[PDB]
Amino acid sequence: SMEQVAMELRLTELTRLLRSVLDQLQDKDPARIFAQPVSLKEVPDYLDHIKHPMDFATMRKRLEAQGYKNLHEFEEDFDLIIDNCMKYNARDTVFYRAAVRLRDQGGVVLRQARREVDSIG
């Protein structure tokens, strides 16, 4: 149908906006601490601690499959990155500190993304 197409064009445009958002959030991680999944070869007990792992490469796969229906779903995954790290790692670690800085700096980007998503519809 014409409606299904219009729907698909909306999703494609949302995907375009979320790709830009993801690139902006990932720039706030210049150390690349959050770029890839925590390695289960190197942290073999990780899944005993963290039940829903997340990272930027995994979000990017979902994004490119147009797997985010709305900004809320995207934000859920970004929050998993931060929250998983803040649980697994102690306060006095470069990892925890990196997550705090990513959260703080990402807030600005996500604030305007919500306005753009509502605005453009």
Side-chain angles (χ1 to χ4, degrees), residues 1-2 4-6 8 11-15 17-40 42-60 62-68 70-110 112-119 121:
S1 67
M2 221 11 266
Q4 288 305 321
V5 167
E8 295 163 353
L11 179 54
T12 295
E13 284 306 310
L14 176 65
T15 301
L17 182 154
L18 297 181
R19 185 179 307 113
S20 168
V21 173
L22 186 59
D23 289 343
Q24 282 175 78
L25 297 170
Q26 191 151 23
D27 287 336
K28 308 311 184 161
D29 173 32
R32 297 192 74 82
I33 289 165
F34 304 103
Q36 291 294 331
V38 172
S39 168
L40 305 173
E42 305 174 357
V43 187
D45 75 352
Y46 187 63
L47 300 183
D48 296 346
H49 294 270
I50 297 300
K51 296 298 173 183
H52 296 99
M54 194 43 57
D55 64 274
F56 288 131
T58 298
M59 292 189 61
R60 196 169 296 277
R62 180 164 168 196
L63 181 65
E64 287 318 327
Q66 299 187 350
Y68 292 113
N70 55 54
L71 182 55
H72 181 80
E73 288 187 348
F74 179 96
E75 289 173 312
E76 283 190 338
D77 270 356
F78 176 66
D79 285 335
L80 275 177
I81 292 176
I82 298 311
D83 291 341
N84 289 342
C85 184
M86 290 176 73
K87 295 167 187 72
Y88 190 80
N89 302 105
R91 214 152 35 248
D92 74 331
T93 60
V94 63
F95 308 106
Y96 184 111
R97 289 167 174 283
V100 167
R101 292 163 62 82
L102 179 60
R103 188 198 62 189
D104 287 351
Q105 299 194 273
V108 186
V109 174
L110 291 171
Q112 205 53 40
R114 162 56 61 205
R115 293 192 67 84
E116 286 178 330
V117 164
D118 292 359
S119 185

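These numbers come from the heavy atoms of this one structure, side chains and all, not from hydrogens, waters or symmetry mates. Residues take their numbers from the sequence shown, with the count starting at 1.
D45 contributes no side-chain N or O that, together with a main-chain N or O of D48, makes up a donor-acceptor pair within less than 3.5 Å. No side-chain donor-acceptor contact under 3.5 Å links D55 to the backbone of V38.
The two residues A99 and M86 make their nearest non-hydrogen contact at CB-CG, 3.8 Å. Of all the heavy atoms in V109 and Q105, the pair that sits closest is CG2-O, 4.1 Å. Closest non-hydrogen pair, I33 versus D29, comes out as N-OD1, 3.0 Å. Counting all heavy atoms, side chain and backbone alike, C85 lies closest to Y96 at SG-N, 4.1 Å.
Atom-to-atom distance recorded for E116:CD and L18:CG is 10.5 Å, nearest 0.5 angstrom. One distance of note links CZ of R60 with CD of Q26; it measures 5.0 Å at 0.5 Å rounding. Distance CD/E75 to CG/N70: 9.0 Å, rounded to 0.5 Å. One distance of note links CD1 of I50 with CG of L80; it measures 9.0 Å at 0.5 Å rounding. Annotation: the span from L17 atom CG to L22 atom CG amounts to 11.5 Å, rounded to 0.5 Å. Atom CD of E76 and atom CG of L71 lie 10.5 Å apart (nearest 0.5 Å).
Using a 4.5 Å heavy-atom cutoff, the side chains of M59 and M54 are in contact. In this structure the side chain of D83 reaches within 4.5 angstrom of the side chain of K87, judged on heavy atoms. Residues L25 and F74 are in side-chain contact: their nearest non-hydrogen atoms beyond the backbone lie under 4.5 Å apart. Within the 4.5 Å cutoff, the side chain of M2 has heavy atoms near those of the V5 side chain. Proximity of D77 to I81: side-chain heavy atoms (C-beta onward) are nowhere separated by under 4.5 Å. Using a 4.5 Å cut-off on side-chain heavy atoms (C-beta onward), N84 and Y46 make contact.
Residue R97 qualifies as open at atom CZ: its count of foreign heavy atoms under 6.0 Å is 12 or below. Annotation for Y88: atom OH counts as buried by contact number, over 12 foreign heavy atoms lying within 6.0 Å.
In summary, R19 and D23 do not engage in a salt bridge, as defined by a charged side-chain N under 4.0 Å from a carboxylate O.
Residues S20 and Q24 bring a donor and an acceptor atom of their side chains to less than 3.5 Å of each other.
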